[PDB]
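In the form deposited in one PDB entry, a lone chain appears below as structure tokens.
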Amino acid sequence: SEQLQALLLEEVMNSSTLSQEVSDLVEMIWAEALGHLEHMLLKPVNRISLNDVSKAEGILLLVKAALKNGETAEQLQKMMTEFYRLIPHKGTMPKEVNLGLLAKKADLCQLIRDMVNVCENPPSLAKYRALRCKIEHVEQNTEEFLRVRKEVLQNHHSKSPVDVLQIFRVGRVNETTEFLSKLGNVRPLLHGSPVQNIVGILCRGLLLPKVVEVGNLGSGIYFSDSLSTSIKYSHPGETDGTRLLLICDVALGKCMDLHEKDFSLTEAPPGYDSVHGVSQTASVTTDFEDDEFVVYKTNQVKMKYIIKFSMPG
């Protein structure tokens, strides 16, 4: 019948037995992300609507505007208690509402939006599609795995053993086409990050830090040629106990070598496309302990791989 042939097509169209490795990765990063929310949310995430988040974000803008104008804390707290009604927290309710809090509350709202959107087609594929990002497992047999393994395990100043469990080929669609390859000097660098950030990184790529009216080369996207340095930023997840790390092609064209720190950099110096923090050496002292590479454009970045690894300790 019409209906049978519909079901038979439905079976075909709705089928993708994508690998365990990729599935387990998706399940983890989402679980780890949800683990962050559950840590500081009285109300379950399922019982928060998208309206609550939109209104919550709307209040932060009013509170931020009011804070800069120097309104009394009476008004600020009155507005903020309305925010906390929509987005309940456990622990403290900061009396001193600084600008730094509002930025983190704004981040939190986005992490809530992720978890709400995804809830909806098995529960594994719903989470994969939600990333809008094409992860593909690379087999240990292939010569691509040995290649990438060595690429990661080259600049290792520290001699701490590294258990490279899984490697995944990753790509975002719009990230590739908008990449500034024409601007030369593209080299593959590493970006460490805690596991709870990964869903957000895969969803929206690496974003520019928000200049609050912390990094020692200003508000840009940092990378390193060394693995030992990227391990420091790639913290172990509470879910699995493993570390995740990105390999990105960073188009950084003209790269100015710096010795002194500079926290006020919103974009690259005039004349250069990027910055290199030169590390402390034998007879060349610097303020940088490790080699930092910083770009201040999202379209100077293009992530290639995700590396799942773990330290002994």
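Take the two forms, superpose them, and find the largest set of C-alpha atoms that agree within 1.5 Å; that set is the rigid core. Residue indices: 1-based, along the sequence shown. Shifts are known only where both forms have a C-alpha.
The following text describes the form deposited in another entry, which does not appear among the structures shown.
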item	value
Per-residue C-alpha change between the shown form and the other one, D290, threshold 2 Å, rigid core fit	no
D24 C-alpha shift between the shown form and the other one of 2 Å or more, rigid core reference	no
Core-superposed comparison between the shown form and the other one, runs of at least 3 residues with CA shifts of 2 Å or more	1-17, 121-123
